[PDB]
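Written below as structure tokens is the structure these notes are about.
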Amino acid sequence: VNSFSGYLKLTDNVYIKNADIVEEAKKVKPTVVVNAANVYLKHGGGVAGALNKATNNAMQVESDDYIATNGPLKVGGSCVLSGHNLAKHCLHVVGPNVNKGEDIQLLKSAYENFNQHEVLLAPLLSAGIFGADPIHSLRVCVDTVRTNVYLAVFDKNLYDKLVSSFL
Ligand SMILES: CC[C@@]1(O)CCN(c2ncnc3[nH]ccc23)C1
């Protein structure tokens, strides 16, 4: 039993809600919140820009030190950093950005990072400003993640379409 509330159950291990992931994180304070990161951990917009703003830019300061030490992530890769005021940890996961020409096949690799964590709050990888089809992202999530994932979908219209079209 966990403290996630109001989710629709899609499968044995995947749940979905129409919610602002920032507000969800502030309420639940989960062990792991997933960020829709880029390889440079530049949290300018989308989910990443919103999560960083909620940390008063502390996520960005920590991220800049991480990159200065380690260099960029791989597309499809991840790193674990602090969750600041939002969660214990933030798993920064890089899904392919279709608006940069990146291979959508890497979306499965991106979701595989979730399997290293028993429970996660997360957005749909590569959705939104990353330019991929959120319906496809949901399918890859369900077919790849085996740990317990609570998906927050900000857009109500998109949330309704994802549920109604789910197979
Ligand atoms: C579906 C693809 C998105 O890029 C569009 C909206 N995104 C979010 N999802 C959940 N919580 C969020 N807070 C701020 C943005 C945001 C994901």
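Please note that chains go A, B, ... in the order of the structure tokens, that every chain numbers its residues from 1, and that ligands are numbered from 1 in the order shown.
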Counting only C-alpha atoms and all ligand atoms, what residues are within 7 Å of ligand 1, given as a list in words?
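Protein and nucleic-acid residues within 7 Å of ligand 1: residues 19, 20, 21, 22, 46, 47, 50, 123, 124, 126, 127, 128, 129, 130, 134, 152, 153, 154 and 155 of chain A.
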Looking only at helix (DSSP H, G or I) from DSSP on the backbone, list the matching residues of segment 45-157 of chain A as a ChimeraX atom specification.
/A:46-54,58-70,98-100,106-116,128-130,134-144,156-157
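The space separating atom CA of residue 131 of chain A from atom CA of residue 110 of chain A comes to 15.1 Å.
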So which bits of chain A end up strand (DSSP E) when you DSSP the backbone, as a VMD selection string?
chain A and resid 8 to 9 14 to 18 32 to 36 78 to 82 89 to 93 119 to 122 148 to 153
Written file, previous selection with C-alpha atoms, as a compact mmCIF listing (two decimals), in the first residue's frame:
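selection.txt, freshly written:
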# COMPACT_ATOMS: atom_id res chain seq x y z
CA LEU A 8 -6.90 4.65 -12.84
CA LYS A 9 -5.27 1.20 -12.99
CA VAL A 14 0.91 0.91 -14.37
CA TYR A 15 -1.47 3.59 -13.07
CA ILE A 16 -2.50 6.93 -14.64
CA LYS A 17 -4.02 10.23 -13.46
CA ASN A 18 -4.79 13.67 -14.87
CA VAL A 32 11.34 8.81 -6.85
CA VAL A 33 9.99 11.46 -9.20
CA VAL A 34 11.03 11.10 -12.84
CA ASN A 35 12.15 14.17 -14.77
CA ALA A 36 11.80 14.47 -18.56
CA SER A 78 19.46 8.45 -16.76
CA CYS A 79 21.01 9.60 -13.52
CA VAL A 80 19.76 9.71 -9.93
CA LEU A 81 20.01 13.10 -8.23
CA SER A 82 18.27 14.73 -5.27
CA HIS A 89 15.25 11.31 -5.38
CA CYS A 90 14.80 12.57 -8.91
CA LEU A 91 15.50 10.10 -11.71
CA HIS A 92 16.45 12.27 -14.69
CA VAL A 93 15.58 10.19 -17.77
CA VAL A 119 7.90 2.70 -7.30
CA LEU A 120 8.00 5.93 -9.33
CA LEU A 121 5.93 9.01 -10.10
CA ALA A 122 6.54 9.88 -13.74
CA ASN A 148 5.11 0.23 -10.10
CA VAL A 149 4.70 3.44 -12.09
CA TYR A 150 2.22 6.24 -11.38
CA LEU A 151 1.86 8.38 -14.50
CA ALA A 152 0.79 12.01 -14.25
CA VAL A 153 -0.70 13.51 -17.42
Give me the residues near segment 135-138 of chain A as a PyMOL selection string, where near means some atom within 10 Å (using only C-alpha atoms) and where sequence neighbours in that chain fewer than 2 positions away do not count.
chain A and resi 14+16+95+104+107-108+111+123-127+132-133+140-144+151+158-159+161-163+165-166
Name all residues at most 12 Å from residue 67 of chain A (count only C-alpha atoms; drop same-chain ones fewer than 3 positions away) and give them as an NGL selection string.
:A and (38-42 or 60-64 or 70-74 or 79 or 81)
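The interatomic distance for the pair atom CA of residue 146 of chain A and atom CA of residue 24 of chain A works out to 21.7 Å.
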